[PDB]
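J.: Here it is: the structure, laid out below.
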Ligand SMILES: Nc1ncnc2c1ncn2[C@@H]1O[C@H](COP(=O)(O)OP(=O)(O)OP(=O)(O)O)[C@@H](O)[C@H]1O
Ligand SMILES: Nc1ncnc2c1ncn2[C@@H]1O[C@H](COP(=O)(O)OP(=O)(O)OP(=O)(O)O)[C@@H](O)[C@H]1O
Ligand SMILES: CC(C)CCC[C@@H](C)[C@H]1CC[C@H]2[C@@H]3CC=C4C[C@@H](O)CC[C@]4(C)[C@H]3CC[C@]12C
Ligand SMILES: CC(C)CCC[C@@H](C)[C@H]1CC[C@H]2[C@@H]3CC=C4C[C@@H](O)CC[C@]4(C)[C@H]3CC[C@]12C
Ligand SMILES: CC(C)CCC[C@@H](C)[C@H]1CC[C@H]2[C@@H]3CC=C4C[C@@H](O)CC[C@]4(C)[C@H]3CC[C@]12C
Ligand SMILES: CC(C)CCC[C@@H](C)[C@H]1CC[C@H]2[C@@H]3CC=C4C[C@@H](O)CC[C@]4(C)[C@H]3CC[C@]12C
Ligand SMILES: CC(C)CCC[C@@H](C)[C@H]1CC[C@H]2[C@@H]3CC=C4C[C@@H](O)CC[C@]4(C)[C@H]3CC[C@]12C
Ligand SMILES: CC(C)CCC[C@@H](C)[C@H]1CC[C@H]2[C@@H]3CC=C4C[C@@H](O)CC[C@]4(C)[C@H]3CC[C@]12C
Ligand SMILES: CC(C)CCC[C@@H](C)[C@H]1CC[C@H]2[C@@H]3CC=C4C[C@@H](O)CC[C@]4(C)[C@H]3CC[C@]12C
Ligand SMILES: CC(C)CCC[C@@H](C)[C@H]1CC[C@H]2[C@@H]3CC=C4C[C@@H](O)CC[C@]4(C)[C@H]3CC[C@]12C
Ligand SMILES: [Mg+2]
């Protein structure tokens, strides 16, 4: 209960304590004034005027006191909530970056950004101003009790006898509501994980036609969250129904008991009515604080998962400082019987006792088959996992003894398929070490041979690399990764196929630079080519995860081992949002009629009190008991009907809001899966930004469209009925009562114009924080391997500073507006007493009519606080609704959901390019293609040959129809590709990407994703697996086709996911194959087995090959050489 306030500082405790005592001082005033008011109620034309004027002095002073008490009440709670929400946001991201990679494999980490955004929003709604308004209502209730015990003590015990039942019911239903809040929250987090997985790899979802599959996977969780939110609303309104049932039933009991006392004259008329009126003010106030109770229960439910992640502790601690930092390390490295298994597949033994010995100054070279443990050996050097039954030594001393940061900073890796970050080129090379000068950057870039194209691009070292490097080619991204590793100047260099996507001349220059550089660093080389493996002093060969083969080139060539075999924004009206749920108009009708019939009843008690005071007059005393029994039956039946009407309005409004939220979330994701690749290449649209938008916009709409509308319709009916009753009984005073309406209206106008202005900047800056959070979570291998986690926490905090200041300004603006609203509501009483004195002494109205109007106005003074509490939600609801509708009304150029276009029945695999000129929209000044002419007949094989960065993957993107050419014609089988239906077009193609990526599902589903719109059978999956040469490994695994591949294929090796990408292409039986270096992480045996099945499958269809081999280019039918983006 106080774990929400576990992170409260001393200033936070001071703000919450002063806000608590000022809210206790603020609420207790209304009932306590009744003791001085109730002494003239039981009642020459000057003494009454003096009493009225004196009470006007009291009320004006009370209003002045309320002006500063309500200000401090709101402002200090909102300042404290802003400060501790800032530090919870910092500590949760620090706790995510602290954990080790064994935690990132066995847990769900695409769920964390959605969990972050939506839970911190729920906690900010929960621990803020709602708690202060709750204390205000509690102080009002107990001040009514104090007034009751001063005036008449036998009346207040009968009503105090029910308050533990109200506390019991509120605690029970708040505990149930916190449980359902956690259950609903988990479902929305699963849906956000589906969306963030689908938007991260968007090129494969577009190219394989998987929009409907991802949309159905999203809607499967939206339906569960809907069905939890409905019964959440059921419990949340059984609570208020039981509360008001107890209120009116106990008031019936107390009124029947007070009947006998007033008739037997033990009390007078004045002592009973003050007790009744003060207790009804308090009892209505505690009932209105029930939404604040529900909001606190929701925050308590959200905090469960966030606090645990902070509590969890890693065995390999990244931030700790408890290890040796020796001054001089010669690069000796040695294994001693290393046994290892990954924690996600624990029962598959991988290293079975390895004995490697690397001397300081020489390099080794790891050869072997695919899937034997080479990059596992590389991952155990930098201590990402601990081995099960072994030890790894550097210069005689164990790696478990070193400081983890010092180890990971003295060694420098190159990953297999390297991943850049979504910042500039010089920023990636600065992420390399951390404090680099430009001399170091330019020398390392020349040493990695990346200098010519960086000089060639405009804004040379400032070109924004796309998300994961997607705005660069495959041989430019890898040279930037080589330069990134070289700026560190490591003592131990790890090269895991660093030249896998470079052509032969650049491989020669890179290997000459790396060979010239070595003086005192050890190097581990995993070689793509076995022609440069001969320049190694030691060669290690893996056979079932051990070393059976070690020595020099001729030493292992005369040995007959494994190496021998290898060598041989427009605003939107809110009725436009409520135009979407036209279908449940009976829900809004029943909710609005019950809200009117519930809000009207609070001011009607003045007329009931007038009839009570008139019915206790001089009589025969046998009739007044029989009339007062009729009044008590009326209060009992009013209690039963109030139970039914409160339940109906709340449940009815809540169900309609859940339906609208489900429709808005699915419409937003369906309309986000629709835009073309230029919308995703826009630098504002990262997947972190796009996954914060789906969690913010519909949630901000739901927060103002839920049961809050039922409560505000109730409060507006309350304020209306007060004015109507006032006009009937005295029309002269009611004009002054309505005279404040211009001032409260202008204050509402000014706070709406300021809260709509700062919610804009809040929404603008939370996406820029969520971008950093998502890239640092989803590239956690490279983050941990480079030790830039301190820098990413620093960046997240300095992007998180902004909404703190926005919360400060929101606190002051909303506090001033709530303050002057409550003060100008309490000055109306002083104006009413003075002007009513004037009217009574001139003879217009009467004293009981002045009492009647005053009594009717007190309940509206209750309702204004909740209307002002609703007012800061409507601004962010309007803003997020404008953003949702501009997303819904955006229409792309290449429309993926269109049903019109030519859909020919028979397709001959003929393609033709007639002088295609194309520039990318992000860098639209550089020419990529400069008029491209190539024609491929049926059954031919086009081979694309060129240097690195010539436009070989651009033609695959143009044939896949992501992009439109500027001036040129892409035509297929005679007819132009713009005329064809784009889903038909993308279904006729079969594509293997350059660095392929998978999904976080099973191998059977990743292979069956290759052809949608039909249930692909298990026999077809097994046949494509046998053709792609993966079925021996799949049969070896303990789960055969149900081993869950990790996020983007990280729980497999390079060759295995290359091979599942080839099977995913080949399962659809395409008409044309697009193979963009389809065999680049495979060895010679696997590549020659794959190529035979590809050759027997290519009989009768066309294919386009982009492969850097002399074996697959030479047997091709056409050979195309690129120079300056043209064909030669
Ligand atoms: N994160 C992981 N979780 C579970 N198993 C894994 C993980 N990474 C790899 N494996 C498994 O470990 C075995 C060894 O794969 P490994 O990554 O060592 O291949 P490799 O021969 O080093 O080639 P590469 O250099 O492409 O990684 C594979 O069978 C793979 O299925
Ligand atoms: N999404 C993009 N936005 C802007 N420019 C891009 C984008 N993708 C690629 N480029 C640019 O296009 C040029 C060539 O792209 P492409 O990836 O087709 O070359 P490539 O021949 O595939 O290279 P490699 O053979 O090394 O894989 C590169 O200079 C690259 O900077
Ligand atoms: C008499 C009543 C109306 C006024 C009560 C005075 C209160 C509201 C004033 C007096 C002293 C003030 C504190 C003095 C010191 C600081 C440290 C500053 O870094 C944060 C604000 C904070 C914590 C102030 C908060 C407001 C404060 C506590
Ligand atoms: C700064 C504001 C918010 C604090 C509210 C202060 C409360 C506790 C004060 C404000 C007005 C005060 C009342 C003013 C008049 C009198 C009449 C006297 O015969 C009995 C006490 C009584 C009824 C006071 C009780 C205490 C009181 C209600
Ligand atoms: C009637 C008058 C004298 C009452 C005094 C008003 C005092 C209590 C209010 C008005 C201005 C307020 C300060 C305005 C600015 C901030 C900055 C914020 O980061 C810390 C709280 C702090 C410092 C507020 C503390 C409380 C404060 C000092
Ligand atoms: C929730 C609980 C605490 C509230 C229970 C309230 C009960 C005790 C009160 C509410 C209405 C009251 C009844 C109101 C009217 C009359 C009619 C009279 O001819 C007999 C007594 C009788 C029948 C009262 C008996 C006591 C009574 C039933
Ligand atoms: C729900 C809101 C909008 C309508 C409020 C009207 C009802 C609930 C209130 C307002 C005036 C009240 C009436 C005032 C006068 C009397 C005369 C008495 O001999 C019987 C009870 C009776 C008839 C009261 C019953 C309830 C009553 C009719
Ligand atoms: C008994 C008296 C005080 C009740 C007064 C009712 C007042 C508080 C309510 C009733 C209708 C409300 C207005 C309804 C419409 C809007 C448009 C909104 O974009 C700005 C606020 C504004 C202008 C509201 C201001 C506050 C308002 C005028
Ligand atoms: C809620 C606010 C806006 C209402 C305004 C309150 C003040 C300014 C109003 C309300 C009652 C009014 C007073 C009512 C009666 C009289 C007696 C008359 O012989 C002189 C004017 C005088 C004294 C009025 C002056 C203005 C007055 C004091
Ligand atoms: C603190 C600021 C916002 C207050 C602004 C409103 C002030 C100027 C107005 C509104 C209500 C007015 C009070 C209403 C009633 C009367 C009774 C009369 O016999 C003496 C003047 C007196 C007591 C008025 C004094 C001035 C007053 C308090
Ligand atoms: Mg390429």
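Using ideal geometry, Cβ is built from the backbone for each residue, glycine included, and neighbour counts are taken over all protein chains shown. We did not get these values from a lab; they are worked out from the coordinates using the rules stated.
J.: How far apart, in nm, are the 7 Å Cα→Cβ label points at residue 740 and residue 838?
T.: Placing both labels 7 Å along Cα→Cβ, they lie 1.8 nm apart.
J.: Also, quick follow-up: Taking just the alpha carbons, could you work out the radius of gyration and Dmax for region 199-296, both in angstroms?
T.: 27.1, 89
J.: I've got another one for you. Measure out, as a whole number of angstrom, how far apart the alpha-carbon centroids of region 451-487 and region 551-595 sit.
T.: Spelled out, the Cα-based centre of one part sits 27 Å from the other.
J.: Given the peptides 84-96, 412-424, arrange them by the average over their residues of other C-beta atoms within 10 Å, most packed first.
T.: In descending order of packing, they fall as 412-424, 84-96.
J.: Which log10 I(q)/I(0) values does the chain give at q = 0.09 Å⁻¹ under the Debye formula, counting every alpha carbon as one identical point scatterer?
T.: Log10 of I(q)/I(0), two decimals: -1.05.
J.: So what's Rg/Rh here for region 147-243, counting alpha carbon atoms and using the Kirkwood radius for Rh?
T.: Ratio of gyration radius to Kirkwood radius: 1.39.
J.: Among 17-25, 340-348, what's the highest-first ranking by average C-beta atoms within 10 angstrom per residue?
T.: Top to bottom by mean Cβ count within 10 Å: 17-25, 340-348.
J.: Another question about this same structure. If each of residue 455 and residue 220 carries a label point 7 Å out from its Cα toward its Cβ, how far apart are those two points in nm?
T.: Label-label distance for residue 455 and residue 220, simple model: 5.5 nm.
J.: If we count other beta carbons within 10 Å of each Cβ, what is the order of 507, 452, 778, fewest first?
T.: Ranking 507, 452, 778 by Cβ neighbours within 10 Å, fewest first, gives 452, 507, 778.
J.: May I ask you to list the residues of region 928-966 whose amide nitrogen lies under 15 Å from a point 7 Å from Cα along the Cα→beta-carbon direction of residue 915?
T.: 930-934, 966
J.: Could you tell me how far the Cα centroid of region 115-159 sits from the Cα centroid of region 928-953, in Å?
T.: Between the Cα centres of region 928-953 and region 115-159 lies a distance of 74 Å.
J.: For residue 947 and residue 1035, FRET efficiency with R0 = 56 Å and r from the beta-carbon atoms, rounded to 0.05?
T.: The formula returns an efficiency of 0.85 here.
J.: In addition: Could you list 77, 984, 10 so that the one with the fewest beta carbons within 10 Å of its beta carbon is first and the one with the most is last?
T.: In increasing order of surrounding Cβ atoms, one gets 10, 984, 77.
J.: Could you calculate the contour length gain from residue 398 to residue 349, that is, 0.36 nm times the residue separation minus the distance between their Cα atoms, to one decimal place in nm?
T.: That pair, residue 398 and residue 349, stretches by 15.3 nm at full extension.
J.: Among 310-320, 899-909, what's the highest-first ranking by average C-beta atoms within 10 angstrom per residue?
T.: Put in order of decreasing packing, that is 310-320, 899-909.
J.: Sorted from fewest to most neighbouring beta carbons within 10 Å, what does the list 377, 109, 532, 3 look like?
T.: Exposure proxy ranking, most exposed first: 3, 532, 109, 377.
J.: Could you calculate, for region 333-567, the ratio of the Cα radius of gyration to the Kirkwood radius, expressed as Rg to Rh?
T.: When Rh is taken as the Kirkwood radius, the ratio is 0.97.
J.: In region 911-1127, what % of DSSP beta bridges are antiparallel (nearest 5)?
T.: Antiparallel bridges make up about 50 percent of those DSSP assigns within region 911-1127.
J.: Taking square-rooted eigenvalues a ≥ b ≥ c of the alpha carbon gyration tensor, is region 1007-1128 rounded, prolate or oblate, where a/c under 1.5 means rounded and, failing that, a/b exceeding b/c means prolate?
T.: prolate
J.: Using Cα-only point scatterers and the Debye equation, what is log10 of I(q)/I(0) for region 911-1127 at each q in 0.08 Å⁻¹, rounded to two decimals?
T.: -0.29
J.: Rounded, prolate or oblate: which one fits region 894-949, using the alpha carbon gyration tensor with axes a ≥ b ≥ c (rounded when a/c is under 1.5, else prolate when a/b beats b/c, else oblate)?
T.: Here region 894-949 falls in the oblate category.
J.: Restricting to Cα pairs below 8 Å that are 6+ residues apart, what does the relative contact order work out to for region 911-1127? Please round to a whole percent.
T.: Contact order relative to length: 33 percent.
J.: Could you calculate the FRET efficiency of residue 5 with residue 68 from 1/(1 + (r/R0)^6), where r is the beta carbon distance between them and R0 is 25 Å, rounded to 0.05?
T.: Efficiency computed from Cβ-Cβ geometry: 0.50.
J.: Let me ask something else. Quick check on the chain: of the DSSP beta bridges with both residues there, what percent are antiparallel, nearest 5%?
T.: 45
J.: Follow-up question, since we're still on this one. Run lengths n ≥ 4 of DSSP H only: what is the helix-derived mean residue ellipticity at 222 nm for the chain, with -39500 (n - 2.57) per run over all residues, to the nearest 500?
T.: That calculation yields -20500 deg cm²/dmol at 222 nm.
J.: What distance in nm lies between label points placed 7 Å from Cα along the C-beta direction at residue 847 and residue 53?
T.: Taking the two extended label points, one gets 1.8 nm.
J.: Can you give the FRET efficiency for residue 1088 and residue 922, using 1/(1 + (r/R0)^6), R0 = 25 Å, r = Cβ-Cβ distance, to the nearest 0.05?
T.: 0.05
J.: Expressed in nm to one decimal, what extension gain is obtained for the pair residue 182 and residue 268 from 0.36 nm per residue of sequence separation less their Cα-Cα distance?
T.: Length gained, residue 182 through residue 268: 25.6 nm.
J.: Also, quick follow-up: Quick one: check the C-alpha center-to-center distance for region 824-886 versus region 375-432, whole angstrom.
T.: First find each Cα centre; the distance between them is then 67 Å.
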